[PDB]
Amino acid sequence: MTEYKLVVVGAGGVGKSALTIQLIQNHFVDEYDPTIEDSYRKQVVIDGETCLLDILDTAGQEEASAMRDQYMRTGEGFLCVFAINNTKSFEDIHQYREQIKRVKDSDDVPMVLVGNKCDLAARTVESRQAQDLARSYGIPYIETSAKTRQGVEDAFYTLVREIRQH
C-alpha cells in the first residue's frame, strides 16, 4: 500500500479539524479548539487500491503564521479550505496557494479547493467565484460540510487522486 502525505490548510475557524475528524471518526466536532498541529492516519481503499493516508491538520490562527514552511515541505498534497460564510477566509486562500508554491518551488502541486460549511444557508462566497479561482489554479473545487459529511470523502479522496497522478 502507498502512503500519502495530505496537509489541510486555511484560515482559523473554517473547519479544517472538523473535516478531518469527520473523515477519521465519522464524528462532528462542535467545539472550536484552535489547532497547533495534529496528525491522523487512515487506511482506506480508493479506486480499488488500498491507501494509507497521513493527514496533517494545521493551525489557521495568524499567531502561528511563521511555522507553515516546515509542514509545507513534507506535504505531498494540500486541502485549501475556506468557509462559504466567511469572505475573509476566501481571500486568505491565495496566500496559502502562493506560499505552498514558494516552499515547494513548484507550479504543479496537488491541491483541492474546499468551500466548507455548505450546510449553512447564510452563504457569502458564491460557488462561481470559488470555481473561477480553482480553474485559475488548475484544481478542483468541492463544497463540503463537516457537520453532515456532504462532500467530505470526495474532497480528501480527490486530493489522493491528484497525488497519485502527480
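Heads up: residue numbers just count along the shown sequence, starting at 1.
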query: Mean C-alpha temperature factor, higher of 114-122 and 52-60; finding: 114-122
query: Mean temperature factor over C-alpha atoms, higher-scoring stretch between 130-138 and 61-69; finding: 61-69
query: Among modelled residues of the same chain, the CA temperature factor third for residue 1; finding: highest
query: Chain-wide C-alpha B factor ranking for residue 144, given as lowest, middle or highest third; finding: middle
query: Where the record places residue 46 (Cα B-factor, split into thirds across the chain); finding: middle
query: Chain-relative CA temperature factor third for residue 100; finding: middle
